[PDB]
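Student: Sharing a structure with you now.
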Amino acid sequence: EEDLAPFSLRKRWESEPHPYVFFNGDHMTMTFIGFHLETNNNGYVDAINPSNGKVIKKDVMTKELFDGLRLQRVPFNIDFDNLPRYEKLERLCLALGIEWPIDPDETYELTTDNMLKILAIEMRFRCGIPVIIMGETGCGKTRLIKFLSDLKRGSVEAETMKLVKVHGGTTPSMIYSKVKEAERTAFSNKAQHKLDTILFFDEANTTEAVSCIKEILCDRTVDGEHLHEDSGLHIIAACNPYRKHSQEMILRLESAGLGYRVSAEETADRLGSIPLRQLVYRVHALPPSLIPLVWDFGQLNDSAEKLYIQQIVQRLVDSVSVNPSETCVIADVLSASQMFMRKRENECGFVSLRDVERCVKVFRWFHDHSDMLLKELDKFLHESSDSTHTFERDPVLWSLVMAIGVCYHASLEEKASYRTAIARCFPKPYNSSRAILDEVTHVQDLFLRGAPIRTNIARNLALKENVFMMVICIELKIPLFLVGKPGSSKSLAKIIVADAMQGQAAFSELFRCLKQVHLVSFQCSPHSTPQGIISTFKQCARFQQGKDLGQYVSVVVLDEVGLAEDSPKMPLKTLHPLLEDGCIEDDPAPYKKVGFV
Amino acid sequence: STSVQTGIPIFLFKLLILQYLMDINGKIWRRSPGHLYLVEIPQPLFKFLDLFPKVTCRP
Amino acid sequence: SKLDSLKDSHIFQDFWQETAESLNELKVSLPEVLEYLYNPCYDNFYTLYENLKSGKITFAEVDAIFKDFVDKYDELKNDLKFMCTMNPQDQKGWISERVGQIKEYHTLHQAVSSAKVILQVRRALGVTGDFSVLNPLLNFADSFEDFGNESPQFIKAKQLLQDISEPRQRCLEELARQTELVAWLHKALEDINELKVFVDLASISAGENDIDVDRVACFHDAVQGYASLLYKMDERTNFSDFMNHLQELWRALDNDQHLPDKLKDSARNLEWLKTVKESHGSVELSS
């Protein structure tokens, strides 16, 4: 696209060859990594990459010199498919100049492009080139750099990597203060341990202060003052990609309920002629002289994604007593649901590897509570149905069905296709889509009946879905956003949930076994400052302090966030940090992270 | 910088030609003959920047 | 014409939808609606008509079909007039005996549910006492019979529980289900005369907003409405004085129809009511 042409046109990906040589720091050897040396029939030796045959750069090495490199015994022409972990680790410590290494993360695998990325980044801030990485949120950027920091520090308890989560409301003064304190602790770490400090700006593309970050690394200056060259300090910046939504979701978004408060041509938040409302990542334009310095990682090509979601699920099932085999059932049903999200021209916001651990958190909530929920479901289905829905339910597979019921099935509009595409992975009690639909229908009926009774109510599928989702995401402190028409029974759900979700003064027994909720409302307006939003968060956190947080949850309910959409006061810009750690301009704590409707 | 979209010629007219910057609840700034102000602006505006003594830089 | 003569029969619309769910999304033509969909409805309806004209119907169809007519007895008399307008003859001796039969059947099953809830409140209050007259009713409650005839020996037994209602079983189950509060009031409060100082002692520890204040009045009206039962009972009472005090209980019910919801909304505030007496200095001054 003409407005995304300097950015979206990646002239190359990671999947194009990376022929590297390095001369080792403490050792006196060479590393030939990323390419192979083969013999030509003209008496010359050429560079050929693995995984295909490409004979790029004929006439590079003479064959008697190649024989000489046999004589002085360089580690030449080695593929890193058949090396064990200790040998790859000692090739890393010889190449990265690290003395006496350990293996800091045995779960983190070392394939050959992870070596090339680690050695590439280390070369870039060994010579002086700035390090800017343009990759998506799902790909392994923070894991690779934390492995690099833990490998470069070896064993010392000091603080080497500092990760700054840049959001849209990140002002320049915070970034300047954080670079100065990172510079102070960089001097302190070099003075005590002879060790250098990495400052990792994550998502360094969402703010208007990205040019400020250009001041930090492209010409090495902090608000007019220079950075000391012999201090020991490296700034790595990560950026979100630029792509426009495919047109059908922009159709379903302009028509979701009442439409946007502003139009698409008289809106103020642009990049070129494109609104930021219509982009997948809310990115501002990179300044030039960082465009020829940014380069791309991989994109998680869907083969190794199963491995990463398996490590995440085995680290968050806590399978000391769950199951041996149903963890694999969780893993491949989540892989199938992620592939269903990929087998469509869009996702919501490309939520890969963060929706999965949130959804495993939901599964853990259900499986911890799958003792009274199944008794109440047995009671309800016996008093209100036949013996068809009166079978014994597995307390692990039912929780998985409801996990994908609230993670993926609730937001989608093509729900029946999702159910018939996800039922090919489940075992015997959920082989059909009808069984999953019946199960979520009966448990939504169970939570609507656990509420106090109402007559002349619009008892429909929308009210049941909204009550069910709101009860769960208030229990788990997941934010939920609800757009509908002005008669969608979406504020009636707020009333009946806020009256039913009392802790010990509840009506039924299911809600008596859950948390107490006191909510502070704030009706947004086009004339809304962000200070009111910060005051509402601090007020509900003031309600939440001093109490048992397993039986008390505060939740902010913002009532007209559609009216605060493109207001020039920009009140929702502060919303993105306040939903993550619960407070801006303060260190996180308990009684600060609050629920959000 | 490049992300300073909608403020440039008013500021250049105040500081470089009208020689002032004023706060109505406070102090007033006067440009003085005796200091040099270089204003690094990358590249409508292309004609307004021509009014000034200009040092252009090329690849 | 026959559907125009039979649209105000709710039973006909029930039969229509329960036999037209027996066909499954089919684009079908009008002349075969009359044969594939109308003629089985008319044949089943005419067999049912000649059944009610004779009286060979069983009790299973009586409580399976006529379930939505309980304490709604004008529509069923009007419905039998519309039902007999199909076949044009007299309607003199057919309606009133079976409407009376359905009224005795409905009050019989209402009396069964009343007997189950009165034995449940007899158990949960701790009063052993003696009734000895609802034993064959319970031996009938797990019995099952299949005939359509008019049960006489129970009529005099049902003269003690004629006019209770379709409500008031709600009141009895709110007594019988809220057991922790009635145990706590026999343990901790023990009499009517401390209520006038207990309301004043609770009105400090309550809040300032309107729900917080009206919890006190809800508790007061709840225990003033049930004080005839939870404080004045001996542990061994017979049935006659039990209904004699329930009589003035019905006088106590006539000034306030909302008393079991007040009992329930007071019964889910037991933790506050436990906090009332043992309250220290609650250091929140007030607004």
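Ordered as shown in the structure tokens, chains take letters A, B, and onward, while each chain numbers its residues from 1 and ligands are numbered from 1 in the order shown.
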Chain B: which residues are helix (DSSP H, G or I) by DSSP, as a PyMOL selection string?

Tutor: chain B and resi 8-17+45-51

Student: Neighbouring residues of region 516-518 of chain A were defined as those with any atom within 9 Å, considering only C-alpha atoms; residues of the same chain fewer than 3 positions away were excluded. Please report them as a count of residues only.

Tutor: 18

Student: Within 12 Å of residue 416 (chain A), counting only C-alpha atoms, which residues show up once you throw out same-chain ones fewer than 6 positions away? Write them as a count of residues only, please.

Tutor: 12

Student: Quick one: which chain A residues come within 10 Å of chain B, and what is the nearest atom pair for each with the distance in Å to one decimal, counting only C-alpha atoms, rows ordered by chain and ascending number, as a Markdown table?

Tutor:
| residue | atom | partner | partner_atom | distance |
| --- | --- | --- | --- | --- |
| A:208 | CA | B:3 | CA | 7.0 |
| A:209 | CA | B:3 | CA | 8.2 |
| A:210 | CA | B:3 | CA | 8.7 |
| A:211 | CA | B:1 | CA | 7.1 |
| A:212 | CA | B:1 | CA | 9.0 |
| A:214 | CA | B:1 | CA | 9.9 |
| A:215 | CA | B:1 | CA | 9.9 |
| A:284 | CA | B:3 | CA | 9.0 |
| A:285 | CA | B:3 | CA | 8.1 |
| A:286 | CA | B:2 | CA | 8.9 |
| A:287 | CA | B:2 | CA | 6.1 |
| A:288 | CA | B:2 | CA | 8.1 |

Student: As an exercise, work out the distance from CA of residue 18 (chain B) to CA of residue 57 (chain B) in Å and give it to one decimal place.

Tutor: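 Pair CA of residue 18 (chain B) / CA of residue 57 (chain B) returns 26.7 Å.
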
Student: Give me the residues near residue 258 (chain C) as a list in words, where near means some atom within 10 Å (using only C-alpha atoms) and where sequence neighbours in that chain fewer than 5 positions away do not count.

Tutor: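 Neighbouring residues, sequence-local ones excluded: residues 171, 221, 222, 253 and 263 of chain C.
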
Student: Report, in Å with one decimal, the straight-line distance from CA of residue 374 (chain A) to CA of residue 441 (chain A).

Tutor: 14.6 Å

Student: Near residue 259 (chain A), counting only C-alpha atoms, which residues have an atom at most 10 Å away, once you skip same-chain residues fewer than 4 positions from it, shown as a ChimeraX atom specification?

Tutor: /A:252-255,263,483-485,562

Student: For those residues, write N, CA and C atoms to a file as a CSV table (one decimal), in the first residue's frame.

Tutor:
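again-v4.csv, freshly written:
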chain,number,residue,atom,x,y,z
A,252,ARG,N,-17.3,-5.6,9.5
A,252,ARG,CA,-18.0,-6.0,10.7
A,252,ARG,C,-17.7,-5.1,11.9
A,253,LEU,N,-16.6,-4.3,11.9
A,253,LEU,CA,-16.3,-3.4,12.9
A,253,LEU,C,-17.0,-2.1,12.8
A,254,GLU,N,-17.2,-1.6,11.5
A,254,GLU,CA,-17.9,-0.3,11.4
A,254,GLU,C,-19.4,-0.5,11.7
A,255,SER,N,-19.9,-1.8,11.7
A,255,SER,CA,-21.3,-2.1,11.8
A,255,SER,C,-21.6,-2.7,13.2
A,263,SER,N,-16.0,9.5,11.9
A,263,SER,CA,-15.9,8.7,10.7
A,263,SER,C,-14.5,8.2,10.4
A,483,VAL,N,-19.5,-4.6,22.9
A,483,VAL,CA,-20.2,-3.6,22.0
A,483,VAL,C,-21.4,-4.3,21.6
A,484,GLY,N,-22.6,-3.6,21.7
A,484,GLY,CA,-23.8,-4.0,21.1
A,484,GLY,C,-24.7,-2.8,20.7
A,485,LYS,N,-25.9,-3.1,20.2
A,485,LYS,CA,-26.9,-2.1,20.0
A,485,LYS,C,-27.4,-1.7,21.4
A,562,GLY,N,-16.9,3.9,23.7
A,562,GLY,CA,-17.1,4.4,22.3
A,562,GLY,C,-17.1,5.9,22.1
